[PDB]
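Presented below, as structure tokens, is a lone chain in the form deposited in one PDB entry.
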């Protein structure tokens, strides 16, 4: 009654009913639900109530060199507010909020909260190590803080509670609505690698096809490893339908009995092809019926080290694998060899896997090695099905601080798609970290909710994990999630309703939007809600006056909100775009990679001023986008002076008229040089550089930024046009262009220092977000095998290609958009 009503609340928060049993052939999901109770309760019990409530956002990384240059006399200023009075206090970079509050007690307990945000500066951390402080220093802003009472931890209340050979009988296949022939392929898969394959005889493709054939495999029963899949595929030759079945279940028991599995349709490698889930659509999908009733020389060391040295994508030959295995104990001494070593394992052999587990018992070097995320990511991809192998990776992730978890959270959530079982160390890890920290927990919610909303292949698994999180996140957050979900669902209806009503925005359309938003305001739209892409901000009532439908292809919503926090230092509005038509999952993955690149450059004291805008995918081809204020499209700047032909002088003239002083114009040029170089390198490595200038924007303060990363003859490495080069002062070279080339090289080489990581993140992105030939682009782009000097020239060539191409590519883009 009360418990059943709480389940409906969770179902409304999740967007999927976890109690549903219409689409299962076992109890794995229910076993996982029950299995996650312990790790949930264990973290909820162990977390510090006060620190969990205030969720301080901190880093233990050293402050970069450019930020130390912006602080003089070893002194940082903080303006402390209280009701109607505010005072400035000189604070040393090492001062703890506990010690600073004592200064505002002697010079004439409470807590320091950031003005206009749900962000607190508390706990035993020096203020230099608070993220907000670092953010303020980055943009050159004074830190405004308020002295108020700490939030009550009671608000985070949690509600109480055998030598036989393997064989499979193929009975037949049937489709309600389809003179070609058809056959069934049966594979024993372990980590993408096919252990054994058997086919059936081709029969005429009809509404029902029956075989009643025993398919005897070469691999024995005992030789079957845990996490092995029975891949069943239907070829007409082209593949049409696929479905999977774990041969050994979540209880270590061999699979037996009759199975009627509804299969998936086909639109090379894809994460969706690994799924243990069956198609929920019974009425329309193809289904299959089955029956189960059962020390080393100098030369070799040099060869071994060459194998270990190679990139993650370089494939191992039989020779390479046999060498790695034979010398596994020397291979075990190199953490970088681990992925390649565990790919040399014959997993279809009981005695070998046993030796592999005996090998993992001697993890002295691995355990003691400094954490390499790139390496750790490798062991979590589709190439590895073994629980123990994968577990040693998740162990390495344990030492990541909350700051670093946020950097890899999205990819780590997507990495769950590669897990053979619903319950896994990785899932438990994501559960643990999300429950420990409110910020990780906030983004965990949305990332998991995103896939539930649009992935039939993985919604069931992710729903079990989200229910797990929500059952321990506390009433306070549960309330915050409820206000958020209601808002986006309301505004998605408005987004789709307006799009229905040529690319010209008429009078009658703009009126209808204002009408609907006025009707929602007075109705059931909550007074305030957290911004999904920025949980620090609380948005309030809609500023309908400033709301509009933009003159675009997909006709998105331009929505603006008042800040719910009265302590806000400015009367700025929170701007959000709601859009249907772009695949914002792809945008999410690119932007997250962009934020990883910003962290990579920070290690080498660089700030290339990227603007990776906030973006949350909320469903199928729909979601929200942060509005970057005071920004315009490069094409629109060309339109205002020219019309439809391009002039180099336009961009520099635009920056001048948007500048009040020369002092701020010089800052606008320097910001452009850095930000252009930033996107030039990033887009080239990712293979998303060749772009029309409609999808490239700039702010009034000079900051260039790319948008709309969905779905990506003369070609170009990146967009460096004569109007960009005119801002630098070149038509020839300039002190700004010399600075530009100096930044590009230093940035490109800095990324190349993390080659493996970027390759894995890329590889994973294509498998979870969007062939082998598509992945191999990044190897060439990062010039794997070449030295720094040789690589420095390579990118300097790419820059010279853009100057030799000029407007040609952009001109061709312009013609392409006119049919």
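Between two forms, the rigid core is the largest collection of C-alphas that superpose within 1.5 Å. Residue numbers count along the first chain shown, from 1.
J.: Looking across the other entries that model both neighbours, is residue 503 missing in at least a third?
T.: Residue 503: unmodelled in at least a third of the other compared entries.
J.: Taking the other PDB entries of this protein that cover both neighbours, check whether residue 645 lacks coordinates in at least a third of them.
T.: Affirmative; at least a third of those entries omit residue 645.
J.: Can you say how many deposited residues have no coordinates in the span between residue 388 and residue 389, choosing none, 1 to 3, 4 to 9, or 10 or more?
T.: Nothing is missing between them.
J.: Unmodelled residues of the deposited sequence between residue 108 and residue 109: none, 1 to 3, 4 to 9, or 10 or more?
T.: Gap size class: 10 or more residues without coordinates, per the record.
J.: Which wins on mean Cα temperature factor, 274-282 or 427-435?
T.: Mean CA B-factor is higher for 274-282.
J.: Do the CA atoms of 44-52 or those of 750-758 have the higher mean B-factor in the entry?
T.: It is 44-52 that shows the higher mean C-alpha B-factor.
J.: Among 178, 591, 316, 409, where is the Cα temperature factor highest, going by the PDB entry?
T.: Across 178, 591, 316, 409, the entry lists the biggest C-alpha B-factor for 178.
J.: Highest recorded C-alpha temperature factor, please, choosing from 727, 478, 365, 463.
T.: That would be 727, according to the entry.
J.: What third of its chain's C-alpha B-factors does residue 700 belong to: lowest, middle or highest?
T.: Middle third - that is where residue 700 ends up once the chain's C-alpha B-factors are sorted.
J.: Sorting the chain's CA B-factors, does residue 159 end up in the lowest, middle or highest third?
T.: Its C-alpha B-factor, which the entry lists for residue 159, ranks in the highest third among residues of this chain.
J.: Report the third (lowest, middle or highest) to which the CA temperature factor of residue 664 belongs, ranking only the modelled residues of the same chain.
T.: It belongs to the highest third of the chain when residues are ordered by C-alpha B-factor.
J.: Among the chain's modelled residues, which third holds the C-alpha B-factor of residue 527?
T.: Its C-alpha B-factor, which the entry lists for residue 527, ranks in the highest third among residues of this chain.
J.: When the deposited Cα B-factors of this chain's modelled residues are ordered and cut into thirds, is residue 320 in the lowest, the middle or the highest one?
T.: Bottom third by C-alpha B-factor.
One more form of this protein should be noted, the form deposited in another entry, which is absent from this view; the next part is about it.
J.: Of 664, 203, 595, 138, only one moves its C-alpha by 2 angstroms or more between the shown form and the other one once the rigid core is aligned, so tell me which.
T.: With the rigid core superposed, the residue that stands out is 203.
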